[PDB]
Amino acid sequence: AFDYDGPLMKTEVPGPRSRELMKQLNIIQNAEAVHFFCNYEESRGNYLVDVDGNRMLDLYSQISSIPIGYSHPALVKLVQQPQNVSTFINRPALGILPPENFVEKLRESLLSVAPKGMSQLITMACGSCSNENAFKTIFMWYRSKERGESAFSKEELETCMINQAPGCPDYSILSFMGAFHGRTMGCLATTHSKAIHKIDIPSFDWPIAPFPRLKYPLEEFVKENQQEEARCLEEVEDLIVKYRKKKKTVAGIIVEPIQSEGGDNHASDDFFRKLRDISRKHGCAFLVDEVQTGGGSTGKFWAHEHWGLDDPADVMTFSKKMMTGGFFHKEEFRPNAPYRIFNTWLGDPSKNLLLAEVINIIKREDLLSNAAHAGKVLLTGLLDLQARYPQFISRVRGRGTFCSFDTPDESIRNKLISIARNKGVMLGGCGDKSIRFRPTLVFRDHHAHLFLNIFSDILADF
C-alpha cells in the first residue's frame, strides 16, 4: 500500500510490450528519448512498474518531480473526496477569477515554506515560465529603479510595441556555464548545459560566467577550491562591469544552488554568500533557481537555506516536486501595475491541492531529516564503491540524496545505467558521463542499501 519490499524483474528493459508501444508512439513523434512505458496504477512508493510487469527501484523519480512516491495513500484519499471533484474539472484563469479557497490553500502550502525575506508569491505552471516571468519581474524592477518616480515616456510606450529601444531595453541576465534554467527562448539563453539543447536556436548576447569546478576529495583541495571560487567570483564582477560598458546592463544574476543537467556541480556556501553580496553591490537582482534543488532532497526544504542567510536572494523560482511552479520575491520586486506579469492559468489549483497534502506529509513524516540521513547512508556506500572500483567511479559528491559520481566516459555511463535498469534500478545521467541520483522523499536508508548491493554486484561483474 505504501511500498514494495524490493525490485522484481521479469524481462529486459524495455520489454516487448514497451517496444511495441514505442513503435506506435514513434509514428506521430520522435520517440527516441523514451525509456519505456509505465504502469503507474501498479507503481507504489519508491517503485516504478512498467507495462511488461517489471518493478524497479526508481532513483530518478520522473526527473526529480515526484515528491512523495507513486500512488501515495494521502493523495489517493484527496482525489477520492467528492468536494474536490470541481477542482479537477473547473480550471480557472487565476489572474482574474480565483477560487474561494485560493489564498487559504496557498497558506496551507507555498506560503508556509516561503524563503526568508520574501513576502511575495506568484504561481506558474512550470519552471520555464517561472524563470521567464522572474526575468521580466527583474527587468521591470531595474527600469523602475532607473525611471522612478517618472512615468512611462511616450517614446518608450510606442517603441516597445515594435520591439525597439527605449521601450525594449537592452538589459541582460548573467548566467553560468553548465547551467540549466529552461527551454523557452528566454530561459535557453541562460542555459548552458548541452549543445543539443542550444544549437540552431537564436539567442541573447548575455554575459556567461564560469561556475566553480571543485576538486575531490574536498579535504585535499581546500586552498585550490578556495582559489577557484575566488577566480569565478572576480570573473562575475568583471563581466558585470564589461557589460555595463556595453550598454547591455546586467539587471540580474540567475544561479542554481547545485547545477544539475550541467553535471551535478557543487560549490561552497561561502561562494553563494559572496555571489549574493556581489549581486547586491552592482544592483543586480539575485535570482535562485530551485526548480530541481527545491523540495527537500538536500536535507532542507530549499537548498539555499544551507547558506544560512536572512537575505538569501531577491527572487526564487520553483517547480517539479512543488507540483506547481512559480516564484517567491521581495516586496521591492512587486509589479506596480497589473497585466505585466500575467498569463491565462498561472498554474493550477488542483496542483495546489495536492501540494498542501504533500507538504503536510513532508512535515509530519519528518522527510527533510530523513533525506539528510538516507542521503548520508547512500553517500557512504558510494564512497566505499569508489574506493573499491577506481577504474569506474570518481568524484563521488552530494548533499542529502542529491548525489552523483563520474564514470570514465559516456558509453560506460550508459552501459551502467542500462544494466542497472535490467537489474531493477532506474538511474539518470547528468553532464553525460556522470550518474546522478534523484530519489523521491520516501527514499529510506534500506533503499540505499538495496541499490548499493545491486550496483556492487554489477560493478563486480562489469
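Each form is matched to the other, and the largest set of C-alpha atoms that superpose within 1.5 Å is called the rigid core. Numbering starts at 1 and follows the sequence shown.
Superposing each structure in 5 other deposited structures of this protein on the rigid core shows that the farther-lying of 145-153 and 127-135, by root-mean-square Cα distance, is 145-153. Here 47-55 and 428-436 are scored by the root mean square distance of their C-alpha atoms in 5 other deposited structures of this protein, with each structure fitted by the rigid core; the higher score goes to 428-436. The PDB entry records a higher mean C-alpha B factor for 410-418 than for its counterpart among 397-405 and 410-418. Look at the mean CA B-factor for 141-149 and for 110-118 in the entry; the higher one is 141-149. Residue-level inspection of the entry shows that, of 262, 202, 294, 381, 262 has the top Cα B-factor. Note on the listed residues 95, 127, 338, 186: the highest Cα temperature factor in the record is that of 338. Looking at the C-alpha B-factors along this chain, the one for residue 221 belongs to the highest third. When the modelled residues of the chain are ordered by their C-alpha B factor, residue 435 lands in the highest third.
For residue 76, the recorded CA B-factor ranks within the lowest third of the chain. Only modelled residues enter the ranking.
Residue 242: CA B factor in the highest third of modelled residues in this chain (values from the PDB entry). Among all modelled residues in this chain, the alpha-carbon of residue 325 has a temperature factor (C-alpha) in the lowest third.
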